[PDB]
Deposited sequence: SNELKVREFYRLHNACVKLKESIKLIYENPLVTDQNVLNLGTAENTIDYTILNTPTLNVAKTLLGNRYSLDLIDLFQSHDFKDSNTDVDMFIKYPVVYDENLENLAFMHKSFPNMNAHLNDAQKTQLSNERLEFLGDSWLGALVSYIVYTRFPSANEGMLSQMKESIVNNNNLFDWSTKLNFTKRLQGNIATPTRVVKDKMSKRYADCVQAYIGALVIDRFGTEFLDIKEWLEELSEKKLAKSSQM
């Protein structure tokens, strides 16, 4: 329950961060603030009319119009809200997964259960997802961090980060070795199992869990678009 509060806090905080970003865009948008880009009372077959008549502009205008009563930007500012730091960070080591079952799944390896159900009790799917998303987030980091680098420099920098050796070093830093301890442990006196790959996979799976919990609408249009293009391939689900 204590842990659940921390989990729900970051879910809440990240939603606040998104709201703040979103409202700033809306308040300052060229289409919303003046009539300097979008003329009023233009003819039915003009783009200005089409746009001004959208639910979107009606909502945006209503929001901008209500600032006198509650100014969302000023709300955040007056409470000294910070996006990337909060007082609760003291209680955590790394970004939090909101769903406790999902977090625990990230560390799970290989009467009875269906091969389908054991599949849900294995971090394999999460690892697959997390591997892809680690690559994308790191690619974004290198691309934005080195605006002059060419493809070869970006690829190399990325490779230096996402390789298994580096991920195993991350697992140690994040203390995943303890996460994987349960009832059965090899004593200090007997030769241990090979654990390196297993640790690296957990890192990927943990990122996969962070992604499942955070994926919302930021890239939803791209996502739906890609899913549509992929609809024929996705149909071959045998």
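- Stretches of the deposited sequence left without coordinates are 111-116, 245-246, in sequence order.
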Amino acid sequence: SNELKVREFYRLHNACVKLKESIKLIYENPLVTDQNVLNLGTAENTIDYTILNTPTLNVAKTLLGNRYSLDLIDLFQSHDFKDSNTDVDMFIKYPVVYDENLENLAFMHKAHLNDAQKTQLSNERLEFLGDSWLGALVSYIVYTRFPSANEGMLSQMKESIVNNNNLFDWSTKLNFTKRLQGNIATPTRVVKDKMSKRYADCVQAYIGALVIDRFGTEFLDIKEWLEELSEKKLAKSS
From here on, numbers count along this sequence of modelled residues.
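- The PDB entry reports B-factors from which the mean C-alpha value can be compared for 13-21 and 220-228; the larger average falls on 220-228.
- For the pair 180-188 and 196-204, the record assigns the higher mean C-alpha temperature factor to 180-188.
- Of the candidates 33, 56, 66, 171, the PDB record gives 33 the highest C-alpha temperature factor.
- Each of 164, 117, 101, 150 has a CA temperature factor in the record; the biggest one is found at 117.
- In the PDB entry, a CA B factor belonging to the lowest third of its chain's modelled residues is recorded for residue 139.
- In this PDB entry, the Cα temperature factor of residue 73 sits in the middle third of its chain's modelled residues.
- Residue-level temperature factors show residue 7 in the lowest third of its chain, judged at the C-alpha atom.
- Sort the chain's modelled residues by C-alpha temperature factor and residue 212 lands in the lowest third, per the entry.
- For residue 96, the recorded CA temperature factor ranks within the lowest third of the chain's modelled residues.
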